[PDB]
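Here is the structure we will look at, set down as structure tokens.
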């Protein structure tokens with residue numbers, strides 16, 4: 003029921019993300035041969051189009067109609083580093099053939115994150133949470149009021174009178190009105 | 009918070025048999041698993057298996073049968089059958105100890121990595137070169167100028183009169 | 091930073107694809142993180158807007174304080190109002206050829222601004 | 621081995637003098 | 009021929025884009041995340057909701073704080089009127 007629809011939406015989002023990544027890679031490869039006249043606006047637009055479409059799809063499939071995360075448990079199919087010729091075309095991006103001495107520095111999905119621990123240590127060094137929340141709420145309310153006001157506020170003199178022109182044209186020749 | 013550990017299985021798991029995993033997890037020397045498990049609660053009276061997964065005991069029980077690598081070690085504690093309360097993952101599956109979450113955490117990690125890469129690219133492209141109100145306002163020869171004539175352009179027509187009187191000789195010898 | 095950005099995008103795409111494949115295979138205290146995050150976002154937006162304001166209203170305020178050497182909005186209109194009118198073949202506006210009363214032979218004008226690193230330099234538009 | 625063809629187009633003197 | 013129509017359309021589009029960029033910074037008008045309602049993950053999904061401003065907030069502000077002066081210069085150069093239509097004092 004809902005699980006099948008969620009799986010289909012996840013598969014469609016993954017396919018769209020792969021297509022967008024291929025397009026971004028082709029654009030970046032086209033930005034290497036034509037390295038001259040590389041304006042910042044085009045690169046910025048490409049980065050925005052490559053991040054937004056993927057980030058929106060990722061956030062929509064994670065905070066919209068999702069069941070409780072205490073029943074579902076994470077469990078993979080199998081962990082086999084076997085080189086198969088009929089299984090390398092089913093991962094679409096990585097893990098084609100697993101190595102032997104790759105467990106230590108490849109298994110944490112190639113962890114890029116390095117600033118999380120630094121931010122946590124910096125926040126721990128400041129160890132009052134009532135005025136800040138109130139100010140944040142007030143700022144949010146003010147921004148909402150401003151946006152509502154903007155949305156509420158958001159939502169040819171003629172000089173060729175045909176009648177007078179026709180009247181003048183008639184007076185030019187016909188005596189009716191002229192004399 | 010049982011996710012901060014970054015341990016792996018190199019020598020503590022010499023085999024992936026059925027009875028080897030229980031002996032490895034029951035005897036942590038030095039690091040094999042969490043020492044605060046129900047090993048003492050199972051060996052308190054005698055060698056049995058009631059306090060392991062049958063009776064009401066908070067123990068790392070095999071939530072599912074997985075002979076190949078390792079069973080799903082979960083802190084099973086429920087008065088009724090067919091129930092598992094998941095909160096973390098200390099098994100050797102995938103060579104990492106994650107929070108055993110759904111696609112949410114994976115998508116969040118992917119988005120974090122992508123945002124880090126995008127920020128790096130933006131920082132690299134920002135301070136490289138930028139345009140200003142004036143075209144090249146900094147610092148405060164003839165290869166595109168083609169002088170056209172088109173009056174005596176007739177010469178090109180005369181151009182096709184020399185190769186006809188005598189053509190050039192191909193060499194193919196770039197000495 | 092073409093190659094650097096390309097490698098960064100490739101690494102990000104690889105991480106995203108790995109996470110998506112993993113999800114698919116699996117499917118079948139005074140912290141105040143929000144307050145600190147909002148403060149950091151406000152600081153970043155303020156820094157970006159300050160950089161924009163410095164780029165716009167500080168590097169273009171030359172002729173606003175004192176009329177100095179600048180072809181932008183200070184030289185082209187001078188010669189325009191003084192000699193001819195606007196016209197667009199490509200950027201050719203009012204060539205001096207006495208066409209008003211000549212009636213002898215026509216001649217166009219290839220007039221276009223150019224840039225050069227110097228002091229007090231106009232556009233210097235190009249028989250001869 | 622410089623060229624194995626017959627070329628006359630590369631000159632291509634433009635006009636860019638539309639009135 | 010009516011070429012000023014395309015210029016007016018481009019100017020109106022630039023103004024609309026600038027207005028939308030100036031209005032695109034109110035996506036948090038409905039809440040300020042007073043609680044951690046992230047059921048999937050609160051460390052990398054809920055906490056990073058504002059830490060990814062480079063792809064969410066700073067990704068629109070860059071182009072949004074660039075079109076103003078560019079469009080102004082484009083309008084002032086593409087249309088540099090110089091069309092008093094009488095040359096009032098010039099004949100003088």
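Protein chains in written order, with the entry's author numbering: chain E, 3 to 129, 132 to 159, 169 to 192; chain C, 9 to 148, 163 to 197; chain L, 91 to 118, 138 to 235, 249 to 250; chain 9, 621 to 639; chain Q, 9 to 100.
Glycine included, each C-beta is placed from N, C-alpha and C at the ideal position.
For a test of the three-state rule: what should DSSP assign to residue 120 (chain C), helix, strand or coil?
helix
Boundaries of the beta strand (DSSP E) in which residue 83 (chain C) is found, first to last residue
81-84
Just to confirm before moving on: does the CB-CB distance between residue 95 (chain L) and residue 67 (chain C) stay below 8 Å?
no
What separation, rounded to the nearest whole angstrom, lies between the Cα atoms of residue 70 (chain E) and residue 4 (chain E)?
13 Å
Nearest chain L C-beta to residue 180 (chain E) closer than 8 Å, yes or no?
no
When the Cα of residue 80 (chain Q) is compared with those of 33 (chain Q), 11 (chain Q), 23 (chain Q) and 35 (chain Q), which residue comes out closest?
23 (chain Q)
In angstroms with no decimal places, state the Cα-to-Cα distance between residue 118 (chain L) and residue 111 (chain C).
12 Å
With DSSP as the reference, label residue 159 (chain L) as helix, strand or coil.
helix
Which two residues bound the contiguous alpha helix (DSSP H) that contains residue 69 (chain C)?
Residue 69 (chain C) -> not in any alpha helix (DSSP H); beta strand (DSSP E) instead, spanning 67-70.
Distance CB(residue 67 (chain E))-CB(residue 115 (chain C)) smaller than 8 Å:
no
Taking 8 Å as the threshold (beta carbon to beta carbon), is residue 26 (chain E) in contact with chain L?
yes
Contact under 8 Å by Cβ, residue 64 (chain Q) with residue 24 (chain E):
no
So, for residue 103 (chain C): in the same chain, excluding its five sequence neighbours on each side, which residues have a beta-carbon less than 7 Å away from its beta-carbon?
16
Residue 56 (chain Q) and residue 182 (chain L) closer than 8 Å at C-beta:
no
Roughly how many whole angstroms lie between the Cα atoms of residue 190 (chain E) and residue 196 (chain L)?
45 Å
Residue 47 (chain E) and residue 3 (chain Q) - do their beta-carbons sit closer together than 8 Å?
The requested residue 3 (chain Q) does not occur in the structure, where chain Q is confined to residues 9 to 100.
Residue 98 (chain C) and residue 42 (chain C) closer than 8 Å at C-beta:
yes
Rounded separation between residue 129 (chain C) and residue 98 (chain L) - CA only
7 Å
Please return the same chain residues whose Cβ sits closer than 8 Å to the Cβ of residue 205 (chain L), not counting the five positions on each side in sequence.
192, 193 and 218
Tell me the DSSP secondary structure of residue 627 (chain 9) in three-state form.
coil
Beta strand (DSSP E) segments (min. 3 residues) lying fully within the segment 15-71 of chain C
67-70
Three or more C-beta pairs below 8 Å linking the segment 118-126 of chain C and the segment 210-228 of chain L:
no
For a contact defined as C-beta to C-beta under 7 Å, what are the partners of residue 198 (chain L) on chain 9?
638 and 639
Spatially closest choice to residue 88 (chain E) from 129 (chain E), 80 (chain E), 81 (chain E) and 98 (chain E), by CA coordinates:
98 (chain E)
According to DSSP, simplified to helix, strand and coil, what is residue 160 (chain E)?
No atoms are given for residue 160 (chain E), which sits in the stretch of chain E between 159 and 169 that the model skips.
Do you know how far the Cα of residue 60 (chain E) is from the Cα of residue 152 (chain L)?
26 Å
Any C-beta of chain L sitting closer than 8 Å to the C-beta of residue 66 (chain Q)?
yes
Amino acids of chain L, ordered along the chain, whose beta-carbon sits closer than 8 Å to that of residue 14 (chain Q):
Going along chain L, no residue has its Cβ under 8 Å from residue 14 (chain Q), so there is no contact; the nearest lies around 13 Å.
Can you have a look at residue 39 (chain E) and say buried or exposed, based on whether 16 or more other CB atoms are within 10 angstroms of its CB?
exposed
Below 8 Å on the Cβ atoms is my guess for residue 99 (chain Q) versus residue 190 (chain L); work out the distance and round it to an integer in Å.
Actually they do not touch by this definition, with Cβ atoms about 12 Å apart.
Per-residue DSSP class, three states only, for residue 76 (chain Q)
helix
Within the same chain, show all residues whose beta-carbon is closer than 7 Å to that of residue 33 (chain E), passing over the 5 residues directly before and after it, in chain order.
40
Check whether the Cβ atoms of residue 124 (chain C) and residue 114 (chain E) lie closer than 8 Å to each other.
yes
Considering residue 176 (chain E), what are the terminal residues of the alpha helix (DSSP H) in which it resides?
175-186
Which one of 15 (chain Q), 31 (chain Q), 76 (chain Q) and 38 (chain Q) has the shortest CA to CA distance from residue 143 (chain E)?
38 (chain Q)
For a contact meaning CB atoms closer than 7 Å, what does residue 147 (chain L) contact in chain E?
140
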